[PDB]
Amino acid sequence: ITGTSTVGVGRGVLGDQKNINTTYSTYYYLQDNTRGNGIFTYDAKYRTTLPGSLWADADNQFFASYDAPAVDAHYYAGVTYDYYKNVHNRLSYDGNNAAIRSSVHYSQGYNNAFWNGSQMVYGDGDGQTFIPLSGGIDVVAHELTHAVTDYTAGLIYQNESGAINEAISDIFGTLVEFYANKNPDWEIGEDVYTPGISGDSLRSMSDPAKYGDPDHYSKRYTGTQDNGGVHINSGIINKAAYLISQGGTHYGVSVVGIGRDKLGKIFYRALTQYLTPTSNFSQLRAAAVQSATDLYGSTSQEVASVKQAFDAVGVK
Ligand SMILES: [Ca+2]
Ligand SMILES: [Ca+2]
Ligand SMILES: [Ca+2]
Ligand SMILES: [Ca+2]
Ligand SMILES: [Zn+2]
C-alpha cells in the first residue's frame, strides 16, 4: 500500500518486545519500506489460501497474542535481509531487492514453515510439538535461504543435491542467528520446538547423531523417505560446516576451526559461483575447496581446514 513509513512496537512469540517498521495509511500495515522493495507480512487467518490479507492494525501497537507471530516473522525477515546485505552484499534473495513476503497463522495446528516458491509461510504449531514457527530466527532465515538457493545454484530438492539445499539453509540460518546475536547456538529450531521440554531442538549441527541423523557419509540414508532424505543426510554437511568453523576431532580426523565469518564467505561463494542444480556431495567438496582457494590461497590454513572437514565426514 502507499503511505507514510513509521515505527511500531510489539511483543514477539517468546514475549520479548521489539520495534517494527510499519506503513501508515488509515490503518497501520506490516509493510517495511526501509529494506529493498519491501517486507510485507500477511494474515492467512487459519486458512491455506495464500497470501491472505496484508496485516492491518488500528494503533501501531502489536501486543495481542494473535499478533506475536506476525511481529516475529516481520522483524526476523528484516534481520535476515540485513545479514545478506551487510555481510555478503546481496540485495534481497534474488540479488535485485525483490520484496519479501510472509504469511502467518497458516492453517490450524500446522507444525511447519516453508518457502513455497514465492513467499514464506508459517504455521502456529499445535502448542506442544511447536509454538508458532516464526518465533525462531534460525527458522525464518532457514526458510529465506531456500529462496536464495533457488535464485543462485538452484539445487534440486532430491537426494544429495536436496540434502545440500537443506544444509545450506541450516548453515546460514545459524549464521544469521549468530549475527543477531542473542543466545546463538549450533542447533536448529530450539526456540520453537517442544515448549514443554528444555535442551532439545529439531536438528543439531554440532552433533547430528544426537537425533539420529548421520554424521558420516558411510551412514547416509539411501531410501525414498523425505525425498531421499533431504533433512536427514544434511546432517553430514552440517557436521562438516561445524568442524570448519569451530574445529574438533571427528572419527579420528582433526580439523582446525577457521571461525564463522570465513565459513560464511566460503559457503556463500560456493553457493553463488560453483554449485549447480545437480551438484552432489563430492562436487560440494570441490566447490568449497575452490572457493577457499579463490579467497585465501591454495596453501592457506583455510583450504586445509576445508579438506580436513570433508575427510572427517567421509566425503571425497
Ligand atoms: Ca494494535
Ligand atoms: Ca538459539
Ligand atoms: Ca539455533
Ligand atoms: Ca523444547
Ligand atoms: Zn529447508
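Residue numbers in this text run from 1 along the chain shown.
So how was this one determined? The header says X-ray crystallography, 2.3 Å.
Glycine is treated like the rest: Cβ placed from N, Cα and C.
Within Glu166, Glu187, the residue that Swiss-Prot lists together with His142, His146 for binding Zn(2+) is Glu166. Only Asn183, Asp185, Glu190, of the binding-site residues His146, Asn183, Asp185, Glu190, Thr194, place a Cβ under 6 Å from an atom of ligand 2. A C-beta separation below 8 Å, combined with a sequence spacing of at least six in one chain, links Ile197 (Ca(2+) 4 binding site) to none of the other residues. A Cβ within 8 Å of the Cβ centre of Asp57, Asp59, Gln61, the residues given for Ca(2+) 1, is found for these other residues of the same chain: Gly8, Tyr28, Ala58, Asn60, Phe62. Each residue in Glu190, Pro195, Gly196, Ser198, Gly199, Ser201 lies on the same chain as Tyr193, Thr194, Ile197, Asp200 and has a C-beta within 8 Å of the C-beta centroid of that Ca(2+) 4 site, without being one of the site residues.
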